[PDB]
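Written out below as structure tokens is the structure these notes cover.
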Amino acid sequence: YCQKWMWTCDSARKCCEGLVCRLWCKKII
């Protein structure tokens, strides 16, 4: 499964919905 909340995230990895792939899967609007 994609990167969950508070997970890692490269320059453009594959995170889950509701998350931002800015270094780390930031769970915020």
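Counting begins at 1 with the first residue displayed.
Including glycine, each Cβ sits where the backbone N, Cα and C put it.
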Handout entry: Of the candidates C15, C16, the one sharing a disulfide with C25 in Swiss-Prot
Key = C15
Handout entry: Among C9, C16, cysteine joined to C21 by disulfide in Swiss-Prot
Key = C9
Practice task
Find the one among the recorded positions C9, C15, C21, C25, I29 whose C-alpha lies closest to that of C2 (disulfide bond).
Solution key: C15
Problem - Those recorded positions, out of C15, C25, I29, that come within 10 angstroms of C9 (disulfide bond) at the Cα - result: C15, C25
Exercise for the section: Express the distance between the Cα positions of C21 (disulfide bond) and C15 (disulfide bond) as a whole number of Å. Expected result: 6
Handout entry: Distance [Cα-Cα, Å, rounded] between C25 (disulfide bond) and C16 (disulfide bond)
Key = 8
Problem - Rounded inter-Cα distance in Å - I29 (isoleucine amide), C16 (disulfide bond) - result: 14
